[PDB]
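Participant: Pasting work-v3.cif here (mmCIF, N, CA, C and O atoms):
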```
data_data
loop_
_atom_site.label_atom_id
_atom_site.label_comp_id
_atom_site.auth_asym_id
_atom_site.auth_seq_id
_atom_site.Cartn_x
_atom_site.Cartn_y
_atom_site.Cartn_z
N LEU A 201 -52.38 24.70 -56.69
CA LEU A 201 -51.27 25.16 -57.52
C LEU A 201 -51.06 26.66 -57.39
O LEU A 201 -49.91 27.13 -57.38
N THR A 202 -52.14 27.43 -57.33
CA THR A 202 -51.97 28.88 -57.19
C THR A 202 -51.28 29.23 -55.88
O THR A 202 -50.42 30.12 -55.84
N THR A 203 -51.63 28.53 -54.79
CA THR A 203 -50.93 28.79 -53.53
C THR A 203 -49.45 28.44 -53.63
O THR A 203 -48.58 29.17 -53.12
N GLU A 204 -49.13 27.33 -54.30
CA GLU A 204 -47.72 26.96 -54.42
C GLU A 204 -46.94 27.99 -55.24
O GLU A 204 -45.79 28.31 -54.93
N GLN A 205 -47.55 28.51 -56.31
CA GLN A 205 -46.88 29.54 -57.09
C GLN A 205 -46.74 30.84 -56.30
O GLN A 205 -45.76 31.58 -56.47
N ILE A 206 -47.70 31.13 -55.42
CA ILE A 206 -47.54 32.23 -54.48
C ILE A 206 -46.26 32.04 -53.68
O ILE A 206 -45.47 32.98 -53.51
N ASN A 207 -46.03 30.82 -53.18
CA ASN A 207 -44.82 30.56 -52.41
C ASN A 207 -43.55 30.69 -53.25
O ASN A 207 -42.51 31.13 -52.74
N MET A 208 -43.60 30.30 -54.52
CA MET A 208 -42.39 30.35 -55.35
C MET A 208 -42.02 31.77 -55.77
O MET A 208 -40.83 32.09 -55.92
N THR A 209 -43.02 32.62 -56.00
CA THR A 209 -42.74 33.96 -56.50
C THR A 209 -41.93 34.77 -55.50
O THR A 209 -41.08 35.59 -55.89
N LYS A 210 -42.15 34.56 -54.20
CA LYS A 210 -41.36 35.26 -53.19
C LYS A 210 -39.88 34.90 -53.29
O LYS A 210 -39.01 35.77 -53.17
N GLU A 211 -39.58 33.61 -53.49
CA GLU A 211 -38.19 33.21 -53.63
C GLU A 211 -37.56 33.81 -54.87
O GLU A 211 -36.41 34.26 -54.84
N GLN A 212 -38.30 33.83 -55.99
CA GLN A 212 -37.77 34.50 -57.18
C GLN A 212 -37.49 35.97 -56.90
O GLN A 212 -36.45 36.51 -57.29
N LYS A 213 -38.42 36.64 -56.21
CA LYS A 213 -38.28 38.06 -55.92
C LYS A 213 -37.05 38.33 -55.07
O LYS A 213 -36.32 39.29 -55.32
N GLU A 214 -36.79 37.50 -54.06
CA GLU A 214 -35.62 37.71 -53.22
C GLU A 214 -34.33 37.40 -53.98
O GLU A 214 -33.32 38.12 -53.85
N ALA A 215 -34.33 36.33 -54.77
CA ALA A 215 -33.14 35.98 -55.55
C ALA A 215 -32.79 37.08 -56.54
O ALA A 215 -31.62 37.24 -56.90
N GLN A 216 -33.78 37.84 -57.00
CA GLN A 216 -33.48 38.94 -57.90
C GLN A 216 -33.24 40.24 -57.14
O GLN A 216 -32.60 41.17 -57.65
N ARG A 217 -33.74 40.33 -55.90
CA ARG A 217 -33.36 41.41 -55.00
C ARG A 217 -31.88 41.39 -54.70
O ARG A 217 -31.26 42.45 -54.54
N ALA A 218 -31.29 40.20 -54.65
CA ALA A 218 -29.88 40.09 -54.28
C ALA A 218 -28.96 40.81 -55.26
O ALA A 218 -27.76 40.94 -55.01
N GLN A 219 -29.49 41.26 -56.40
CA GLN A 219 -28.64 41.86 -57.43
C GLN A 219 -28.39 43.34 -57.19
O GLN A 219 -27.56 43.95 -57.86
N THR A 220 -29.13 43.95 -56.26
CA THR A 220 -28.93 45.38 -56.02
C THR A 220 -28.48 45.65 -54.59
O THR A 220 -27.56 46.45 -54.37
N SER A 221 -29.10 45.01 -53.61
CA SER A 221 -28.82 45.29 -52.21
C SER A 221 -28.24 44.05 -51.54
O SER A 221 -28.56 42.92 -51.91
N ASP A 222 -27.38 44.29 -50.55
CA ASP A 222 -26.74 43.20 -49.83
C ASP A 222 -27.74 42.46 -48.95
O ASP A 222 -27.82 41.23 -48.96
N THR A 223 -28.52 43.21 -48.18
CA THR A 223 -29.51 42.60 -47.29
C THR A 223 -30.66 42.01 -48.10
O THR A 223 -30.92 42.40 -49.24
N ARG A 224 -31.35 41.05 -47.50
CA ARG A 224 -32.38 40.28 -48.17
C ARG A 224 -33.72 40.52 -47.48
O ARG A 224 -34.08 39.78 -46.56
N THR A 225 -34.45 41.55 -47.93
CA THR A 225 -35.79 41.85 -47.44
C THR A 225 -35.82 42.00 -45.92
O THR A 225 -35.58 43.09 -45.39
N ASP A 226 -36.15 40.91 -45.22
CA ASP A 226 -36.37 40.97 -43.78
C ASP A 226 -35.14 41.47 -43.03
O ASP A 226 -35.25 41.96 -41.90
N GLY A 227 -33.96 41.35 -43.63
CA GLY A 227 -32.77 41.93 -43.03
C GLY A 227 -31.63 40.97 -42.77
O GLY A 227 -30.81 41.21 -41.88
N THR A 228 -31.56 39.88 -43.53
CA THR A 228 -30.47 38.93 -43.41
C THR A 228 -29.53 39.06 -44.60
O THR A 228 -29.92 39.50 -45.68
N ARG A 229 -28.27 38.69 -44.38
CA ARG A 229 -27.26 38.73 -45.42
C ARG A 229 -27.54 37.66 -46.48
O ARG A 229 -28.04 36.57 -46.18
N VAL A 230 -27.22 37.99 -47.73
CA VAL A 230 -27.22 36.97 -48.77
C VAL A 230 -26.04 36.03 -48.52
O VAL A 230 -24.92 36.47 -48.26
N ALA A 231 -26.30 34.73 -48.57
CA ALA A 231 -25.33 33.75 -48.10
C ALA A 231 -25.11 32.56 -49.02
O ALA A 231 -24.23 31.75 -48.73
N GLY A 232 -25.86 32.43 -50.11
CA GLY A 232 -25.69 31.27 -50.96
C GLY A 232 -25.39 31.62 -52.40
O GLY A 232 -26.00 32.53 -52.96
N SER A 233 -24.42 30.92 -53.00
CA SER A 233 -24.08 31.09 -54.40
C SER A 233 -23.59 32.51 -54.70
O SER A 233 -22.45 32.69 -55.13
N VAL A 234 -24.45 33.51 -54.49
CA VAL A 234 -24.07 34.89 -54.77
C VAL A 234 -22.96 35.35 -53.82
O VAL A 234 -22.02 36.04 -54.24
N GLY A 235 -23.07 35.00 -52.54
CA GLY A 235 -22.04 35.39 -51.59
C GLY A 235 -20.66 34.88 -51.99
O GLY A 235 -19.66 35.60 -51.86
N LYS A 236 -20.60 33.65 -52.50
CA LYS A 236 -19.32 33.11 -52.94
C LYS A 236 -18.78 33.87 -54.14
O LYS A 236 -17.57 34.08 -54.26
N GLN A 237 -19.66 34.29 -55.05
CA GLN A 237 -19.22 35.10 -56.18
C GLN A 237 -18.63 36.42 -55.71
O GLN A 237 -17.58 36.86 -56.21
N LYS A 238 -19.27 37.07 -54.74
CA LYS A 238 -18.74 38.33 -54.23
C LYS A 238 -17.39 38.12 -53.54
O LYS A 238 -16.47 38.94 -53.68
N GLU A 239 -17.26 37.02 -52.80
CA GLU A 239 -15.97 36.72 -52.17
C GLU A 239 -14.88 36.48 -53.21
O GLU A 239 -13.75 36.95 -53.05
N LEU A 240 -15.21 35.77 -54.29
CA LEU A 240 -14.24 35.58 -55.37
C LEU A 240 -13.83 36.91 -55.98
O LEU A 240 -12.66 37.12 -56.30
N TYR A 241 -14.79 37.82 -56.17
CA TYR A 241 -14.44 39.11 -56.76
C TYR A 241 -13.49 39.89 -55.85
O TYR A 241 -12.50 40.48 -56.33
N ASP A 242 -13.75 39.88 -54.54
CA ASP A 242 -12.83 40.55 -53.62
C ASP A 242 -11.44 39.94 -53.68
O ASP A 242 -10.43 40.66 -53.71
N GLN A 243 -11.37 38.61 -53.70
CA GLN A 243 -10.06 37.96 -53.74
C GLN A 243 -9.33 38.28 -55.04
O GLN A 243 -8.10 38.46 -55.04
N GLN A 244 -10.06 38.36 -56.15
CA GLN A 244 -9.42 38.73 -57.41
C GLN A 244 -8.84 40.13 -57.35
O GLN A 244 -7.74 40.37 -57.86
N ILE A 245 -9.57 41.07 -56.74
CA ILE A 245 -9.03 42.43 -56.63
C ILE A 245 -7.73 42.43 -55.83
O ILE A 245 -6.72 43.04 -56.23
N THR A 246 -7.73 41.74 -54.68
CA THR A 246 -6.51 41.73 -53.87
C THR A 246 -5.36 41.08 -54.62
O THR A 246 -4.21 41.55 -54.54
N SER A 247 -5.63 39.99 -55.35
CA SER A 247 -4.56 39.33 -56.10
C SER A 247 -4.01 40.24 -57.19
O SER A 247 -2.79 40.24 -57.45
N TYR A 248 -4.88 41.01 -57.85
CA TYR A 248 -4.41 42.00 -58.82
C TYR A 248 -3.41 42.95 -58.17
O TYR A 248 -2.31 43.17 -58.71
N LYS A 249 -3.77 43.51 -57.02
CA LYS A 249 -2.86 44.45 -56.36
C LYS A 249 -1.53 43.79 -56.00
O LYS A 249 -0.46 44.37 -56.21
N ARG A 250 -1.58 42.57 -55.46
CA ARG A 250 -0.36 41.91 -55.02
C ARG A 250 0.57 41.62 -56.19
O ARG A 250 1.79 41.84 -56.09
N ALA B 151 -112.81 12.04 -85.65
CA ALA B 151 -111.77 12.99 -85.26
C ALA B 151 -111.81 13.30 -83.77
O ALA B 151 -110.77 13.38 -83.10
N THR B 152 -113.02 13.51 -83.22
CA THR B 152 -113.14 13.71 -81.79
C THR B 152 -112.67 12.48 -81.03
O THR B 152 -112.17 12.58 -79.91
N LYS B 153 -112.83 11.30 -81.63
CA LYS B 153 -112.29 10.09 -81.00
C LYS B 153 -110.77 10.13 -80.93
O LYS B 153 -110.18 9.65 -79.95
N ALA B 154 -110.12 10.68 -81.95
CA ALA B 154 -108.65 10.67 -81.97
C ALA B 154 -108.05 11.70 -81.00
O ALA B 154 -106.98 11.47 -80.40
N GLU B 155 -108.72 12.85 -80.84
CA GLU B 155 -108.17 13.86 -79.92
C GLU B 155 -108.09 13.34 -78.48
O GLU B 155 -107.21 13.76 -77.71
N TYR B 156 -108.98 12.42 -78.10
CA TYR B 156 -108.93 11.81 -76.78
C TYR B 156 -107.61 11.08 -76.54
O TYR B 156 -106.95 11.26 -75.50
N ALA B 157 -107.19 10.26 -77.51
CA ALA B 157 -105.92 9.57 -77.40
C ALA B 157 -104.76 10.56 -77.35
O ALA B 157 -103.77 10.35 -76.63
N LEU B 158 -104.85 11.64 -78.13
CA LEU B 158 -103.79 12.65 -78.05
C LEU B 158 -103.65 13.21 -76.64
O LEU B 158 -102.53 13.35 -76.12
N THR B 159 -104.77 13.53 -75.99
CA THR B 159 -104.69 14.08 -74.64
C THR B 159 -104.11 13.06 -73.66
O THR B 159 -103.35 13.42 -72.74
N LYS B 160 -104.44 11.78 -73.83
CA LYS B 160 -103.85 10.76 -72.95
C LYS B 160 -102.33 10.69 -73.11
O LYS B 160 -101.58 10.63 -72.12
N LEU B 161 -101.84 10.71 -74.35
CA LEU B 161 -100.39 10.70 -74.53
C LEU B 161 -99.75 11.96 -73.95
O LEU B 161 -98.61 11.92 -73.45
N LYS B 162 -100.46 13.08 -73.98
CA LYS B 162 -99.93 14.28 -73.35
C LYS B 162 -99.79 14.10 -71.84
O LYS B 162 -98.82 14.59 -71.24
N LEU B 163 -100.75 13.42 -71.21
CA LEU B 163 -100.57 13.02 -69.81
C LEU B 163 -99.27 12.25 -69.62
O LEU B 163 -98.50 12.50 -68.66
N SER B 164 -99.03 11.28 -70.50
CA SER B 164 -97.86 10.43 -70.35
C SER B 164 -96.57 11.25 -70.41
O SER B 164 -95.62 10.96 -69.68
N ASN B 165 -96.52 12.25 -71.29
CA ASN B 165 -95.33 13.11 -71.35
C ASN B 165 -95.22 14.03 -70.14
O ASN B 165 -94.11 14.33 -69.67
N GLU B 166 -96.36 14.52 -69.63
CA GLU B 166 -96.33 15.41 -68.48
C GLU B 166 -95.70 14.74 -67.26
O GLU B 166 -94.97 15.38 -66.49
N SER B 167 -95.99 13.45 -67.07
CA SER B 167 -95.42 12.76 -65.91
C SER B 167 -93.89 12.75 -65.96
O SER B 167 -93.22 12.98 -64.95
N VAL B 168 -93.32 12.49 -67.14
CA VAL B 168 -91.87 12.48 -67.28
C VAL B 168 -91.29 13.87 -67.08
O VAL B 168 -90.19 14.02 -66.54
N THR B 169 -92.00 14.90 -67.55
CA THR B 169 -91.53 16.26 -67.28
C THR B 169 -91.42 16.51 -65.78
O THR B 169 -90.43 17.07 -65.30
N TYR B 170 -92.44 16.08 -65.03
CA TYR B 170 -92.39 16.23 -63.58
C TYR B 170 -91.20 15.49 -62.98
O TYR B 170 -90.49 16.02 -62.12
N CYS B 171 -90.98 14.24 -63.41
CA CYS B 171 -89.89 13.45 -62.84
C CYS B 171 -88.53 14.09 -63.12
O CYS B 171 -87.66 14.13 -62.25
N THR B 172 -88.33 14.59 -64.35
CA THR B 172 -87.06 15.23 -64.68
C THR B 172 -86.85 16.50 -63.85
O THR B 172 -85.74 16.74 -63.37
N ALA B 173 -87.89 17.31 -63.68
CA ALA B 173 -87.75 18.51 -62.86
C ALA B 173 -87.40 18.15 -61.42
O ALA B 173 -86.57 18.81 -60.79
N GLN B 174 -88.03 17.10 -60.89
CA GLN B 174 -87.74 16.69 -59.52
C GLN B 174 -86.30 16.22 -59.37
O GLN B 174 -85.63 16.56 -58.39
N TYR B 175 -85.81 15.44 -60.34
CA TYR B 175 -84.41 15.00 -60.27
C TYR B 175 -83.46 16.19 -60.34
O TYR B 175 -82.47 16.24 -59.61
N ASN B 176 -83.75 17.15 -61.22
CA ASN B 176 -82.90 18.33 -61.33
C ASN B 176 -82.85 19.08 -60.01
O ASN B 176 -81.78 19.51 -59.57
N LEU B 177 -84.00 19.26 -59.37
CA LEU B 177 -84.02 19.97 -58.09
C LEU B 177 -83.26 19.20 -57.02
O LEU B 177 -82.53 19.80 -56.22
N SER B 178 -83.41 17.88 -56.99
CA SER B 178 -82.90 17.11 -55.85
C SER B 178 -81.41 16.82 -55.96
O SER B 178 -80.72 16.76 -54.94
N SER B 179 -80.88 16.63 -57.17
CA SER B 179 -79.54 16.09 -57.30
C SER B 179 -78.56 16.90 -58.15
O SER B 179 -77.36 16.64 -58.07
N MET B 180 -79.02 17.85 -58.95
CA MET B 180 -78.10 18.60 -59.81
C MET B 180 -77.72 19.96 -59.25
O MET B 180 -76.56 20.35 -59.34
N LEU B 181 -78.67 20.71 -58.69
CA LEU B 181 -78.37 22.06 -58.23
C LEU B 181 -77.34 22.12 -57.10
O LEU B 181 -76.41 22.94 -57.19
N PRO B 182 -77.44 21.32 -56.02
CA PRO B 182 -76.43 21.44 -54.96
C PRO B 182 -75.01 21.21 -55.43
O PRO B 182 -74.07 21.83 -54.90
N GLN B 183 -74.81 20.34 -56.42
CA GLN B 183 -73.47 20.13 -56.94
C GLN B 183 -72.95 21.37 -57.66
O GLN B 183 -71.77 21.72 -57.54
N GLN B 184 -73.82 22.06 -58.40
CA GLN B 184 -73.43 23.32 -59.01
C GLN B 184 -73.08 24.35 -57.94
O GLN B 184 -72.14 25.14 -58.11
N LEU B 185 -73.83 24.36 -56.84
CA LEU B 185 -73.51 25.28 -55.75
C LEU B 185 -72.13 24.97 -55.16
O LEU B 185 -71.36 25.89 -54.86
N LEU B 186 -71.80 23.69 -55.01
CA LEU B 186 -70.47 23.32 -54.53
C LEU B 186 -69.39 23.79 -55.50
O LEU B 186 -68.33 24.27 -55.08
N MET B 187 -69.64 23.65 -56.81
CA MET B 187 -68.66 24.13 -57.78
C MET B 187 -68.44 25.64 -57.67
O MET B 187 -67.31 26.12 -57.76
N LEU B 188 -69.52 26.39 -57.48
CA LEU B 188 -69.39 27.84 -57.35
C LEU B 188 -68.60 28.21 -56.09
O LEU B 188 -67.75 29.12 -56.11
N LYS B 189 -68.88 27.50 -54.99
CA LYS B 189 -68.10 27.70 -53.77
C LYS B 189 -66.63 27.43 -54.00
O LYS B 189 -65.76 28.09 -53.42
N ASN B 190 -66.31 26.42 -54.82
CA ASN B 190 -64.91 26.14 -55.12
C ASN B 190 -64.30 27.23 -56.00
O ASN B 190 -63.09 27.49 -55.92
N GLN B 191 -65.10 27.86 -56.85
CA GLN B 191 -64.56 28.86 -57.77
C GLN B 191 -64.20 30.16 -57.06
O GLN B 191 -63.22 30.83 -57.42
N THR B 192 -65.00 30.56 -56.06
CA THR B 192 -64.73 31.84 -55.40
C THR B 192 -63.34 31.86 -54.75
O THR B 192 -62.61 32.86 -54.83
N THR B 193 -62.96 30.76 -54.09
CA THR B 193 -61.66 30.72 -53.44
C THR B 193 -60.52 30.77 -54.45
O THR B 193 -59.46 31.34 -54.18
N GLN B 194 -60.72 30.18 -55.63
CA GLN B 194 -59.72 30.29 -56.68
C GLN B 194 -59.55 31.74 -57.11
O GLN B 194 -58.43 32.18 -57.39
N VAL B 195 -60.66 32.48 -57.19
CA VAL B 195 -60.54 33.91 -57.51
C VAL B 195 -59.70 34.62 -56.46
O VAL B 195 -58.82 35.44 -56.79
N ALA B 196 -59.94 34.32 -55.18
CA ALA B 196 -59.14 34.95 -54.13
C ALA B 196 -57.65 34.62 -54.27
O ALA B 196 -56.78 35.49 -54.12
N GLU B 197 -57.34 33.36 -54.57
CA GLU B 197 -55.94 32.97 -54.73
C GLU B 197 -55.30 33.70 -55.91
O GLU B 197 -54.11 34.05 -55.87
N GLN B 198 -56.06 33.91 -56.99
CA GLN B 198 -55.52 34.66 -58.11
C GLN B 198 -55.21 36.10 -57.71
O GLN B 198 -54.20 36.68 -58.15
N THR B 199 -56.05 36.70 -56.86
CA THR B 199 -55.72 38.04 -56.36
C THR B 199 -54.41 38.02 -55.58
O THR B 199 -53.60 38.94 -55.69
N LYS B 200 -54.19 36.97 -54.78
CA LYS B 200 -52.93 36.89 -54.04
C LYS B 200 -51.72 36.75 -54.97
O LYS B 200 -50.66 37.35 -54.72
#
```
Can you turn what I pasted into structure tokens?

Facilitator:
Amino acid sequence: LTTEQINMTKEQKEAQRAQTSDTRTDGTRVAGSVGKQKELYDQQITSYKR
Amino acid sequence: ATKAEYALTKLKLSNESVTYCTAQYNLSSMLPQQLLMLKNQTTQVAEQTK
């Protein structure tokens, strides 16, 4: 169980890393759930301007 | 009274034999299992450090 929780804590850490920086630790883009929220925010800004 | 002390010493023999048997069982079958438990505990300590 302790080894499994070791594995889970890294995922929690990266999921909370996504709140400040775009890149995800090793150097990949955030691409799930959060990425769609950021895309929605960009689209909302453009729609406001239009 | 000296007649009775003889029987007391014989019963003490009878108890001494069981003391020997219990010590032998403890040496042969209980200690290695405790050693295995301690070996299992050290690795758990390492996992907690991780």

Participant: Taking the backbone alone, and naming residues the way the document does, which bits of chain A are helix (DSSP H, G or I) by DSSP, as an MDAnalysis selection string?

Facilitator: chainID A and resid 202:217 234:249

Participant: Counting only C-alpha atoms, a student should be able to say which residues of chain A come within 12 Å of chain B; what is the right answer, written as a ChimeraX atom specification?

Facilitator: /A:201-207,209-210

Participant: Kindly export the residues of the current selection with N, CA, C and O atoms, as a compact mmCIF listing (two decimals), in the coordinates of the input.

Facilitator:
```txt
# COMPACT_ATOMS: atom_id res chain seq x y z
N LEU A 201 -52.38 24.70 -56.69
CA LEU A 201 -51.27 25.16 -57.52
C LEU A 201 -51.06 26.66 -57.39
O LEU A 201 -49.91 27.13 -57.38
N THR A 202 -52.14 27.43 -57.33
CA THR A 202 -51.97 28.88 -57.19
C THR A 202 -51.28 29.23 -55.88
O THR A 202 -50.42 30.12 -55.84
N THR A 203 -51.63 28.53 -54.79
CA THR A 203 -50.93 28.79 -53.53
C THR A 203 -49.45 28.44 -53.63
O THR A 203 -48.58 29.17 -53.12
N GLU A 204 -49.13 27.33 -54.30
CA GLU A 204 -47.72 26.96 -54.42
C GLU A 204 -46.94 27.99 -55.24
O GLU A 204 -45.79 28.31 -54.93
N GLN A 205 -47.55 28.51 -56.31
CA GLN A 205 -46.88 29.54 -57.09
C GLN A 205 -46.74 30.84 -56.30
O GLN A 205 -45.76 31.58 -56.47
N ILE A 206 -47.70 31.13 -55.42
CA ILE A 206 -47.54 32.23 -54.48
C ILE A 206 -46.26 32.04 -53.68
O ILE A 206 -45.47 32.98 -53.51
N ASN A 207 -46.03 30.82 -53.18
CA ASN A 207 -44.82 30.56 -52.41
C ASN A 207 -43.55 30.69 -53.25
O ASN A 207 -42.51 31.13 -52.74
N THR A 209 -43.02 32.62 -56.00
CA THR A 209 -42.74 33.96 -56.50
C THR A 209 -41.93 34.77 -55.50
O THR A 209 -41.08 35.59 -55.89
N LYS A 210 -42.15 34.56 -54.20
CA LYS A 210 -41.36 35.26 -53.19
C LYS A 210 -39.88 34.90 -53.29
O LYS A 210 -39.01 35.77 -53.17
```

Participant: Record the distance separating atom C of residue 187 in chain B and CA of residue 175 in chain B, expressed in Å with one decimal.

Facilitator: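 Straight-line distance from atom C of residue 187 in chain B to CA of residue 175 in chain B works out to 19.4 Å.
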
Participant: Quick one: pull the distance between atom N of residue 157 in chain B and CA of residue 171 in chain B, Å, one decimal.

Facilitator: 22.9 Å

Participant: Range 228-231 of chain A, all listed atoms, 3 Å padding on each side: what axis-aligned box centre and edge lengths in Å to one decimal come out, as lines of an AutoDock Vina configuration file?

Facilitator:
```
center_x = -27.9
center_y = 35.8
center_z = -46.2
size_x = 13.3
size_y = 14.1
size_z = 11.6
```

Participant: From the DSSP assignment of the backbone, select every residue of chain A that is strand (DSSP E), and format the answer as a CSV table (one decimal) with N, CA, C and O atoms, keeping the file's coordinate frame.

Facilitator:
```csv
chain,number,residue,atom,x,y,z
A,223,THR,N,-28.5,43.2,-48.2
A,223,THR,CA,-29.5,42.6,-47.3
A,223,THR,C,-30.7,42.0,-48.1
A,223,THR,O,-30.9,42.4,-49.2
A,224,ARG,N,-31.4,41.0,-47.5
A,224,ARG,CA,-32.4,40.3,-48.2
A,224,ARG,C,-33.7,40.5,-47.5
A,224,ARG,O,-34.1,39.8,-46.6
A,228,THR,N,-31.6,39.9,-43.5
A,228,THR,CA,-30.5,38.9,-43.4
A,228,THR,C,-29.5,39.1,-44.6
A,228,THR,O,-29.9,39.5,-45.7
A,229,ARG,N,-28.3,38.7,-44.4
A,229,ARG,CA,-27.3,38.7,-45.4
A,229,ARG,C,-27.5,37.7,-46.5
A,229,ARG,O,-28.0,36.6,-46.2
```

Participant: Mind pulling up the distance from CA of residue 247 in chain A to CA of residue 223 in chain A?

Facilitator: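 These two atoms are separated by 26.7 Å.
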